[PDB]
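Enquirer: The structure's right below; bear with me while I get my questions together.
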Protein chains: 2
Amino acid sequence: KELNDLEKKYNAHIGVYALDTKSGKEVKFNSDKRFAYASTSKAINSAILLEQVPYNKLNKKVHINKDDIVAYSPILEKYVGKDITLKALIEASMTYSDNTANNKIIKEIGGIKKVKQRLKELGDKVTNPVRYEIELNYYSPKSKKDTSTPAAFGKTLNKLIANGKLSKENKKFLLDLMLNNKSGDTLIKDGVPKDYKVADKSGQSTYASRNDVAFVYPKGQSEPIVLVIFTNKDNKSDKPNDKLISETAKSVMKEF
Amino acid sequence: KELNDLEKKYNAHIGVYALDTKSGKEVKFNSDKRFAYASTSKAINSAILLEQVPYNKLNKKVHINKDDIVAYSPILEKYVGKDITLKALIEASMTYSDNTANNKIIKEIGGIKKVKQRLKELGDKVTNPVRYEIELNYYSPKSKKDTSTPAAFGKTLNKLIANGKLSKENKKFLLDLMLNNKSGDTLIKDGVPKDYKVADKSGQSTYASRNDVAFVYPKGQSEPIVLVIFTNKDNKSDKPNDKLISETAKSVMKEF
C-alpha cells in the first residue's frame with residue numbers, strides 16, 4: 001500500500017507518525033506538517049493532570065458551575081451547580097470528549113498557560129495550545145493556533161504516557177478510558193488487524209480535519225505502537241472520511 | 001434592562017423574537033437579522049419527520065452503518081453495525097445533539113431538499129439550509145448558508161409544533177425531549193421563573209454564536225411562548241456568555 005495514493009484517492013492530506021515502543025521503528029508520512037489536532041488534545045491535558053494529582057486523591061471534588069458550561073458536554077451538563085470528583089471528570093473527557101470536563105481539567109492545571117510551558121519543559125516546542133474547547137476547533141490553514149506536527153504531538157503522547165512520568169495506577173486508568181472509548185470504531189480501530197488493541201482519542205475540526213491518535217498493541221506485544229494520524233481537506237466545510245483513517249491505519253500497520 | 005444595553009454590557013449581537021401564541025403579542029429585536037441557527041435546527045428536522053410517521057410506528061428500525069458515523073454522536077457512536085428505532089434516533093438528537101442521528105433523520109425525510117421544500121411550503125424563504133451537521137456550525141458573518149432570523153425561525157417552529165399538524169402523542173413526545181434535556185439550563189431556563197416550564201434546544205457556532213429556541217410555558221397557561229434568542233460576537237474565536245441569553249430571556253419575558 002501507499003499513503004501517497006491515499007491522498008490522490010481521497011483528495012485530503014495525511015500526517016502520520018508511528019513509533020514502535022519496543023523496536024523504536026518510526027514510520028512517518030508528513031510527520032513535520034502542522035495540522036489542527038482537535039479534541040485529541042484531551043489526552044495531553046488529562047495526562048498532565050495525572051502527573052500532579054495522585055490516584056489515591058482522584059476522589060477529590062471540584063464544584064462545577066454555570067460559567068463552566070460549554071456546548072457538547074453530555075455528562076457535565078447534568079452537574080451544573082454541583083460537585084464531581086476528578087476521576088469522573090477525567091472519564092467524561094476521555095469517554096465522551098466532554099468539553100466542560102476538559103476545560104475544568106485545564107483550569108485545575110493552571111490554565112492553557114501551564115499546559116503550554118509543560119510541553120516546553122517536556123522539550124516540545126511545536127504543539128501550540130492557544131484556545132480551550134470548543135474554540136480550538138476553528139482551524140485555519142493560515143494560522144498556527146492550536147496546531148502540531150504528527151511527529152511532535154506523537155512524541156509528546158509517548159514521553160507523557162508510554163515512557164511517562166505518570167504513576168502506574170494513573171497510567172492504567174487513562175489507558176482503560178482510551179481503550180473503552182467507542183468513538184473511534186470507524187477510524188484506526190477499523191483498520192488494525194482484529195487482534196490488535198487500541199487506546200484512542202479522535203477529533204475533527206474545520207477544513208475536514210479528521211484525526212485519531214491511539215496506542216496500538218500488536219499480537220504478543222507488550223509495548224504499544226504510538227500512532228498519530230492527522231488528516232485534512234482543502235476546504236472549510238468539506239466532509240471528512242473516516243475510511244481514509246481506517247485505510248491509513250492498515251498501510252502503516254503492515255510495517256509493524 | 002434593555003436589549004440595546006445588554007449588547008453593550010456583553011459586546012454581542014442579540015436577536016430576539018418572542019410570540020405569545022395565545023394573544024398573538026410579539027416582542028422582536030433584530031428579528032430580520034441573519035444569525036447562524038446551529039443545532040436549534042435539530043428541532044425542525046425531527047418535527048418534520050414526526051409529521052409523516054405516526055407515533056405507533058416510531059419503533060420502525062433503521063440500520064446504522066460505519067458510513068453513517070460523524071463527530072459528536074454520544075449515543076449513535078455505539079450503534080456501528082446495529083439497528084436503531086426511529087424513536088431512539090429522535091431522542092438522541094433532540095436530547096444529546098447527536099449528529100449521526102440528526103443526519104439519519106434528515107436522510108429519512110428525503111434530504112435537505114425535502115426539508116427545504118417544506119420550509120418554503122410553511123412560508124419560510126428565510127431559513128437557508130445548505131450544509132449538514134457538523135459543518136453547519138462553521139458560521140461566517142459573510143455567508144448566509146445555514147442562517148435564519150429570529151422571526152423566521154420563531155414562526156417556523158410555531159407552524160410546526162405549536163398548533164401545527166403533529167399528533168397529540170408526537171407533540172408531547174417532542175416537547176418532552178425538549179423539556180427534559182439538561183443543556184439549556186444555563187440559557188433561557190436560567191432567566192425565567194421555575195413556574196415557567198421550558199422546552200428548548202440550543203446550539204453553538206463560530207463567532208461565539210450561542211443560540212437557544214424554546215416554547216416557554218407561563219405559570220397558568222397551556223398556550224406556549226415561542227422564544228427565539230440567537231446571539232453572537234465579532235471574532236471567530238470569542239467565548240460565548242450564556243448570561244447574555246439568560247438575561248435577555250428574563251427581560252423579554254417581562255413583557256408577557
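In the C-alpha cells, chains take letters A, B, ... by order of appearance, with residues numbered from 1 within each chain and ligands from 1 in the order shown.
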With only C-alpha atoms considered, list every residue of chain B at most 7 Å from chain A, as a list in words.
Expert: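 Therefore, the residues near the partner are residues 66, 71, 74, 77, 78, 96, 135, 182, 183, 186, 204 and 237 of chain B.
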Enquirer: Quick one: pull the distance between atom CA of residue 112 of chain B and atom CA of residue 154 of chain B, Å, one decimal.
Expert: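 Computing the Euclidean distance for atom CA of residue 112 of chain B and atom CA of residue 154 of chain B yields 19.5 Å.
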Enquirer: Can you tell me, as a list in words, what residues are no more than 9 Å from residue 68 of chain B when counting only C-alpha atoms, ignoring any on the same chain fewer than 3 positions away?
Expert: residues 64, 65, 80, 100, 101, 103 and 104 of chain B
Enquirer: Could you tell me, as a PyMOL selection string, which residues of segment 20-189 of chain B DSSP assigns to alpha helix (DSSP H) when given the backbone?
Expert: chain B and resi 42-49+86-96+99-109+112-122+150-160+168-179+188-189
Enquirer: If you count only C-alpha atoms, which residues fall within 9 Å of residue 218 of chain A, apart from same-chain ones fewer than 4 positions away, as JSON, numbers by chain?
Expert: {"A": [192, 193, 195, 196, 197, 222, 223, 224, 225, 256]}
Enquirer: Those same residues - N, CA and C atoms - I'd like them written as a PDB file, in the first residue's frame.
Expert:
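Wrote again.pdb, looks like this:
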```pdb
ATOM      1  N   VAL A 192      -6.856  -1.732  12.041  1.00  0.00           N
ATOM      2  CA  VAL A 192      -5.811  -2.587  12.610  1.00  0.00           C
ATOM      3  C   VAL A 192      -6.312  -4.025  12.689  1.00  0.00           C
ATOM      4  N   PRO A 193      -5.417  -5.007  12.422  1.00  0.00           N
ATOM      5  CA  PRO A 193      -5.785  -6.430  12.470  1.00  0.00           C
ATOM      6  C   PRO A 193      -6.667  -6.679  13.687  1.00  0.00           C
ATOM      7  N   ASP A 195      -6.892  -8.667  16.031  1.00  0.00           N
ATOM      8  CA  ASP A 195      -6.202  -8.930  17.297  1.00  0.00           C
ATOM      9  C   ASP A 195      -5.588  -7.779  18.076  1.00  0.00           C
ATOM     10  N   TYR A 196      -5.185  -6.729  17.375  1.00  0.00           N
ATOM     11  CA  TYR A 196      -4.572  -5.564  18.000  1.00  0.00           C
ATOM     12  C   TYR A 196      -5.556  -4.770  18.863  1.00  0.00           C
ATOM     13  N   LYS A 197      -5.044  -4.151  19.929  1.00  0.00           N
ATOM     14  CA  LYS A 197      -5.858  -3.329  20.835  1.00  0.00           C
ATOM     15  C   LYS A 197      -5.456  -1.876  20.652  1.00  0.00           C
ATOM     16  N   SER A 222       3.954  -6.247  24.084  1.00  0.00           N
ATOM     17  CA  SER A 222       3.739  -5.622  25.386  1.00  0.00           C
ATOM     18  C   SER A 222       3.808  -4.087  25.309  1.00  0.00           C
ATOM     19  N   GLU A 223       4.666  -3.601  24.426  1.00  0.00           N
ATOM     20  CA  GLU A 223       4.884  -2.173  24.207  1.00  0.00           C
ATOM     21  C   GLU A 223       3.969  -1.812  23.061  1.00  0.00           C
ATOM     22  N   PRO A 224       3.161  -0.765  23.223  1.00  0.00           N
ATOM     23  CA  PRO A 224       2.266  -0.398  22.131  1.00  0.00           C
ATOM     24  C   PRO A 224       3.032   0.202  20.951  1.00  0.00           C
ATOM     25  N   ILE A 225       2.280   0.768  20.026  1.00  0.00           N
ATOM     26  CA  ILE A 225       2.841   1.478  18.902  1.00  0.00           C
ATOM     27  C   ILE A 225       2.064   2.804  18.950  1.00  0.00           C
ATOM     28  N   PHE A 256       4.612  -3.140  10.964  1.00  0.00           N
ATOM     29  CA  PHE A 256       4.818  -3.493  12.367  1.00  0.00           C
ATOM     30  C   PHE A 256       4.311  -4.882  12.756  1.00  0.00           C
TER      31      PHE A 256
END
```
Enquirer: May I have the residues within 9 Å of residue 170 of chain A as number ranges by chain, using only C-alpha atoms and disregarding those fewer than 5 positions away in the same chain?
Expert: A: 47, 50-51, 53-55, 175
Enquirer: Could you write those residues out with N, CA and C atoms, as a PDB file, in the first residue's frame?
Expert:
```
ATOM      1  N   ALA A  47      -3.397  13.759  30.720  1.00  0.00           N
ATOM      2  CA  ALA A  47      -2.205  13.007  31.141  1.00  0.00           C
ATOM      3  C   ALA A  47      -1.460  13.928  32.123  1.00  0.00           C
ATOM      4  N   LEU A  50      -2.794  14.073  35.540  1.00  0.00           N
ATOM      5  CA  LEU A  50      -2.484  12.850  36.265  1.00  0.00           C
ATOM      6  C   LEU A  50      -1.064  12.863  36.798  1.00  0.00           C
ATOM      7  N   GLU A  51      -0.235  13.766  36.274  1.00  0.00           N
ATOM      8  CA  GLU A  51       1.152  13.910  36.705  1.00  0.00           C
ATOM      9  C   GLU A  51       1.202  14.487  38.107  1.00  0.00           C
ATOM     10  N   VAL A  53      -1.877  15.127  40.212  1.00  0.00           N
ATOM     11  CA  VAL A  53      -2.850  14.522  41.119  1.00  0.00           C
ATOM     12  C   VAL A  53      -2.725  13.006  41.292  1.00  0.00           C
ATOM     13  N   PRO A  54      -2.330  12.549  42.507  1.00  0.00           N
ATOM     14  CA  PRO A  54      -2.188  11.109  42.798  1.00  0.00           C
ATOM     15  C   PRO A  54      -3.513  10.379  42.626  1.00  0.00           C
ATOM     16  N   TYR A  55      -3.425   9.093  42.308  1.00  0.00           N
ATOM     17  CA  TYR A  55      -4.601   8.264  42.095  1.00  0.00           C
ATOM     18  C   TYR A  55      -5.378   8.073  43.380  1.00  0.00           C
ATOM     19  N   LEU A 175      -5.318   4.701  30.167  1.00  0.00           N
ATOM     20  CA  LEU A 175      -5.368   3.701  29.130  1.00  0.00           C
ATOM     21  C   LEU A 175      -6.674   2.926  29.071  1.00  0.00           C
TER      22      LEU A 175
END
```
Enquirer: Hey, which of B:43, B:152, B:122, B:58 ends up closest to residue 31 of chain B? Count only C-alpha atoms.
Expert: B:152
Enquirer: Tell me which protein, DNA and RNA residues are within 7 Å of residue 230 of chain B, counting only C-alpha atoms, leaving out same-chain ones fewer than 3 positions away, and put them as a ChimeraX atom specification.
Expert: /B:14-16,35,150,210-212
Enquirer: Just to confirm, what's the straight-line distance from atom CA of residue 12 of chain B to atom CA of residue 245 of chain B in Å (one decimal)?
Expert: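 Taking atom CA of residue 12 of chain B as the start and atom CA of residue 245 of chain B as the end point, the length is 10.7 Å.
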Enquirer: I want to know what sits within 6 Å of residue 213 of chain B, based on only C-alpha atoms, with residues of the same chain fewer than 4 positions away left out; could you give that as a PyMOL selection string?
Expert: chain B and resi 200-201+227-228
Enquirer: Measure the distance from atom CA of residue 255 of chain A to atom CA of residue 24 of chain A in Å and round it to one decimal.
Expert: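 Result for atom CA of residue 255 of chain A versus atom CA of residue 24 of chain A: 12.1 Å, one decimal.
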